[PDB]
Structure formats: C-alpha cells, structure tokens
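Trainee: Handing you a structure now.
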There are 2 protein chains.
Amino acid sequence: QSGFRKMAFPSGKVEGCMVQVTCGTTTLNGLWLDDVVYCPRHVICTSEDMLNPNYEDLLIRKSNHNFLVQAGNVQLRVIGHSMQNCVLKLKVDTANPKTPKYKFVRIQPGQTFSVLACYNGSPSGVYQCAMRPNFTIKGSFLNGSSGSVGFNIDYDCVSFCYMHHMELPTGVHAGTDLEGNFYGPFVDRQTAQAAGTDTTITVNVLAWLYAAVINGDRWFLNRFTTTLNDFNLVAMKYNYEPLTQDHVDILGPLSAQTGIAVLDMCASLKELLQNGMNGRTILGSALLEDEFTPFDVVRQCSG
Amino acid sequence: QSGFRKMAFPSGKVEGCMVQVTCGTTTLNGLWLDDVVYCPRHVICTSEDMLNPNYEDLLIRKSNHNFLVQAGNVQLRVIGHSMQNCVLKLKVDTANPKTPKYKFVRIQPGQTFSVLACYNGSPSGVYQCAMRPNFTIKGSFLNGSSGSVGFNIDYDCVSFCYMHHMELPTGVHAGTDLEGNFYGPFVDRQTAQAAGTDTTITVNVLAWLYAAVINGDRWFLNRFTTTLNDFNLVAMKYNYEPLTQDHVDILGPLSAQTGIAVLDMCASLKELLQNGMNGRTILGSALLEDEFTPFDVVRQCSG
Ligand SMILES: *C(=N)[C@H](C[C@@H]1CCNC1=O)NC(=O)[C@@H]1[C@@H]2[C@H](CN1C(=O)[C@@H](NC(=O)C(F)(F)F)C(C)(C)C)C2(C)C
Ligand SMILES: *C(=N)[C@H](C[C@@H]1CCNC1=O)NC(=O)[C@@H]1[C@@H]2[C@H](CN1C(=O)[C@@H](NC(=O)C(F)(F)F)C(C)(C)C)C2(C)C
C-alpha cells in the first residue's frame, strides 16, 4: 500500500550459474562457480537410498564418470568430486565465464533472501523468503527443485546463503548454507521430520510498522510508551521472539525517519497483539507481516 | 505441494537491456533492444514543462547529441530519434548484444507480469504485478523509476507489456505498452488525474481458490451452487468485477483438474465474501488474493 511490496534481487547474476546435475536416474540443480558445481549430496542416492542413505559409502562407490553436468546444451566433463557436509562438489573441465563476484555466507533467523526456483538447471521464478525462527523457509518448490539457491546482492557481489534440499510435511522447506550445513535440526534423509512450532520475528514486524508510517498508515500509533520487559512479556505470550537491545539499535534510523521511538512503536504492537486490528488493515495486510527486515524497509523506501 | 508464492520471472534477460537516458537535468531508464532505446517521452520535459508539455515542439528543438544514453559505464551514441505515442525511440550506433528473443504485447486488465524496478539504468528489484480493472498497477516506484518495464517470459520469449510513466495521487501507477499507448484514460501530463474506483479481479480470486484446493485445502467449499447471474448480483455488492462466460471457460482446465465445477467454486466465493475466514488463512493470506491468473496458477502448481 502507498508503494510497498516484497521485492527480490534481480536474479541475472545467479541465472548464469545454474546447471543440471544427474547421477543415474536422480536429477536436480547445481550451482556452477569457477570450475566447481555445488549441489545437494542426495543426488548420489537412488529413491530407495534416500530412505536411509550411507553418504560415506555411496560416495566411495561413485566415480567422476557417474556424474552428468549440463549447462544449456553443453555437457561439462566432471574431473573430480568431494563432499562438504551435505553438499557435493563436482570439479569440471571448464570455469564458468559468467561467474559473478560472490561469497558464501550463513544467515541468522529473521534475515531475508531471494530464491531462484530452478528445474533441470533452468531458472523458473524468483521470490523473497525469510529464514524463520524455526529455521524453515516458506518456499514454492516442486519435484526437481533441490539445488535451487537463495542469495542477497550487495553492489556487484552475490552473497549465497541457501541451497534447497527438502519439503517438510507442513509444506515448508529446509536447506543448507553453501558449505552444506543445515539450517535447523534437519537431516537429508527421507524420514519423518517436522518443523518446530514457529515464532513471529518481532524486529521485522516493528520494521514493517515503520514502513506503514513512512507510507502514511498511522491509525495504530498511540500516546503510550513501554519497556522491553513489559513488551517481552506480551511477546512471549503471543509466540513473538524476544526483542533485544540490539534489535532496538537496528531500528534506530526508522525511529528517526518517522520520529517514533522503538518502545513507542512497541506500545502500538502490544496494543495490536492485545486488542487486534479492529477490521482495519496495515499496508493492505490484515496480518502483521514479519518477512521484511529493517534493511529491506530502508532499501525499498529510503533507497 | 503446499507452498504457494507471488513469483516473478527470472529478470536476467531484461537486466541486460536496461540503460540510463538523460536529457538536460532529467534522468530515467530506457530499454535497449537491438539498435533502439525505448524510453518515456517525458525525459524531454524541464521542471516548467510538466503541466501542459507540447512534445512535438519540445522534441523538434533536440539534437541526437542532447540524449545521453549510458549502458553501464559505456556511453551509447544516439544517431536518430522518433516519438511513437508517449514513447521516444532513440536509434543508437550499437545493437545490444544481450538482446533476448522478445515481442511487444498489450495486455488486458487482470493480466499479471513481472516488474524490474530500475534507477539510473541499474536494476533494483523484481516483483509481480497485475493490470487492475481501472488500468492502474499497485507498483513500488520512486523518483527516477520511469522507463522501468513489465514483462512475462513464457517459453524463452520476453513479452514486454508495460513501461512505467507516473504515480497517481492514491499511490498507484500508470504507464504504456511498448508502442507508447497508455493503459487507461491517463496522459503524461502533471494534470489532476485520479484512478477510477477499482474492483477485485474475480476470475483471479477463483483461480487462487483452485490453487488452494490443488495444494490440499478445501475448508471453504460448501454444498451449494449458483447461477452465473446470481453470482454476479452478489459479488458486485463487494466491488468484484463481473464474471463472464469467457472467465468461466478460462477456469475449465482448473475445474477439470480439481473436480470442482466453476459455478460451485463461485458458490464458495459468495460464502467467503459473506462469512470471512473465521480466523483461518488460504495459502497463508487472511485476504482473498486477486493477482494470480488461471495461467499463473497452472505455471506454479504444475509447469
Ligand atoms: C529436491 N529435488 C527435492 C525437493 C522437494 C520435493 C517436493 N518439494 C520439495 O521441496 N528434495 C527431496 O525430494 C528431498 C530428498 C529426499 C526426500 N525429500 C523430501 O523433500 C521429502 N521430505 C522429507 O522427507 C522430509 F519430510 F523429511 F522433509 C518429500 C516427502 C519427498 C517432500 C531427501 C534426500 C531428503
Ligand atoms: C519517472 N521517473 C517518474 C516516476 C514517478 C516519480 C514518483 N513515483 C513515480 O512513479 N514519473 C514522473 O515523475 C511523472 C512525470 C511528470 C509527473 N510524474 C508523476 O509521476 C507525478 N504524478 C502525476 O503527475 C499524476 F498525478 F498525474 F499522475 C508525480 C506527482 C511526480 C508523482 C510526468 C510527465 C507525468
């Protein structure tokens, strides 16, 4: 409302990195940077292996010739392979001439990133996601989507933070950083696993209330202030993450761009949690939105 | 197969086309396809020209060298110019080597597309939009955003459908097709203009209810049916667009897939409007979503 919506990074730099990886009858997406392809290690599994894989043993059994990597029409010859945690690394005969400036970063719950959904190494769609407090993401992922990556771009530098591995029974998604470390208490085995009970990202809700004010949505503002302690007692009651002093400092700018003190805005949110929204919406939403970071609000508004 | 998200097309093919166009102190974006840069003609207005510009009189006073066109840090030499409706076409000395397979299409209200928001010829972010029934879009556009484009990329062809020109007093946006013809009764003049009252895109709400069913949710169905006439008589009391026999025909495939007759889903929507969601959500929304088309739903849930 008044010009504020979920925005993904332009995906071009990542599009030029997606490849298809095939091991026997198992196909998924790979990330091609320089002369290495990164993909989920579960590509080395047949359907039955996935039910209870011995990744050490399945990798000893494989050779370079067991991996087919396709970049558009061109087969890349695999000349080496290794595992790092839950990602397979395939050394190829050819460095990606579209490799962007990049790094691998591991993000914290509450942080947002752009997902390039891919199938058969072909980019399909882009959308914004937040790492939930329970380490899941609310993605849109079908069969063959594994190896799709999540990223942020700063100037010309792509920061890769997510590689897609699996779908939990609630329909939410679990994955790794690009070093193959899982976000959350999940394993790359087709076995009964479940998302923990989710919590709301308090600092992101406050950020979005700041976005509402900057966009002229002020009905929820009030004369009242509060303390972290009273507010955190409300937060806890309503399955909201504790608000930390560090969260307040991060919101500092917006507290000035709007001249409303975080603990002043905390009074609005407490009131909204206690008394609800009263038929009114905020930036077009009837729900309190927690998938915009303070950075995201500034990026989109002040940017 | 439970996750559903507003998903944009991967933007790489359009990113390679975005340039900066400057005339005097006025800078905005251009679309560089082969040896032509397409941009809003209002780049040739000064501060003084905004209320009642005569574009024919402003343009005839310009030389090729008055147009500064920048592709990254490379200056493109303008060797020609013409005006077509509200678009300027700048002939440059260099065909864009990144030109994708493209066409120009004029869309109807209800149609969706991806927007690549740009500033100074630099892509900023990508989001999904729909042409509203009142010929506006609910975009997120700031100063310098004019000449940002809307597109689809069904089947490796980029279809350019929108070029951004202006913001209306309610915060909605107005622009042209790539032939420079405005969507709606708008003019590229800082004259008192206002969006017509807007309506909800009924065929799209129904598509998204079909999406909810495909992804395993049916709580909102009921034992009733409706005539098309009775559906429209109720829906228009909630500011919904009339549903046409064309709309019913368009929903046929989604009807067939789910086993829910179009007019039975219509009966469900009539009850949804009457009752609200009673604390429930549909694909994570507390509101009825109208910016997914029947075609978008088949894209994301299947192909
Ligand atoms: C990668 N190509 C897919 C992506 C999945 C498929 C549908 N939606 C997605 O996001 N990854 C998998 O199929 C992984 C893979 C085996 C099983 N699996 C799952 O995602 C399964 N989920 C789980 O087993 C659970 F619940 F533990 F998360 C499935 C039931 C097929 C959705 C491996 C190795 C974990
Ligand atoms: C292109 N760079 C901008 C994009 C605008 C700026 C703010 N948000 C946007 O979408 N285009 C313009 O500034 C156009 C341009 C003169 C004025 N204008 C407007 O968008 C203005 N609005 C209108 O005149 C109105 F209400 F009629 F739509 C403005 C008040 C600056 C928002 C011209 C030639 C229309």
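The way I read the labels, and the way they are meant: chains A, B, ... in the order of the structure tokens, residue 1 as the first residue of every chain, and ligand 1 as the first ligand shown, with later ones counted on from there.
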I want to know what sits within 12 Å of residue 285 (chain A), based on only C-alpha atoms, with residues of the same chain fewer than 5 positions away left out; could you give that as a PDB file with C-alpha atoms, in the first residue's frame?
Mentor:
```pdb
ATOM      1  CA  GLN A   1       0.000   0.000   0.000  1.00  0.00           C
ATOM      2  CA  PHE A   4       5.493  -1.036  -0.563  1.00  0.00           C
ATOM      3  CA  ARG A   5       5.801  -4.718  -1.548  1.00  0.00           C
ATOM      4  CA  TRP A 208       7.005  -3.140   8.772  1.00  0.00           C
ATOM      5  CA  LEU A 209       5.030  -0.875  11.178  1.00  0.00           C
ATOM      6  CA  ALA A 212       3.406   1.592   7.275  1.00  0.00           C
ATOM      7  CA  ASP A 217      -0.572   4.370   7.675  1.00  0.00           C
ATOM      8  CA  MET A 277      -6.647  -4.843  14.176  1.00  0.00           C
ATOM      9  CA  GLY A 279     -11.395  -4.589  10.863  1.00  0.00           C
ATOM     10  CA  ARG A 280      -8.577  -2.173   9.804  1.00  0.00           C
ATOM     11  CA  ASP A 290       7.389 -10.337   9.726  1.00  0.00           C
TER      12      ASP A 290
ATOM     13  CA  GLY B 284      -1.138 -18.029   4.070  1.00  0.00           C
ATOM     14  CA  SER B 285      -3.353 -14.984   3.283  1.00  0.00           C
ATOM     15  CA  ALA B 286      -6.069 -13.534   5.610  1.00  0.00           C
ATOM     16  CA  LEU B 287      -7.449 -11.753   2.435  1.00  0.00           C
ATOM     17  CA  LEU B 288      -8.771 -13.043  -0.947  1.00  0.00           C
ATOM     18  CA  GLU B 289      -5.788 -12.766  -3.409  1.00  0.00           C
TER      19      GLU B 289
END
```
Trainee: If we count only C-alpha atoms, which residues of chain A reach to within 9 Å of chain B? Please list them as a ChimeraX atom specification.
Mentor: /A:1-16,116-117,123-128,138-143,167,169-173,285-287,300-301,303
Trainee: Just want the residues within 7 Å of ligand 2, written as a list in words, counting only C-alpha atoms and all ligand atoms.
Mentor: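 The neighbouring residues of ligand 2 are, in order, residues 28, 42, 50, 141, 142, 143, 144, 145, 146, 147, 164, 165, 166, 167, 168, 169, 173, 188, 189, 190, 191, 192, 193 and 194 of chain B.
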Trainee: My list of candidates is B:68, B:250, B:267, B:211. Which is closest to residue 228 (chain B) when distances are computed with only C-alpha atoms?
Mentor: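 Among the listed residues, B:267 lies closest to residue 228 (chain B).
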Trainee: With only C-alpha atoms as the counted atoms, please give the residues lying no more than 9 Å from residue 238 (chain A), apart from itself and same-chain residues fewer than 3 positions off, as a list in words.
Mentor: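 Within the cut-off, the hits are residues 199, 200, 233, 234, 235, 273 and 274 of chain A.
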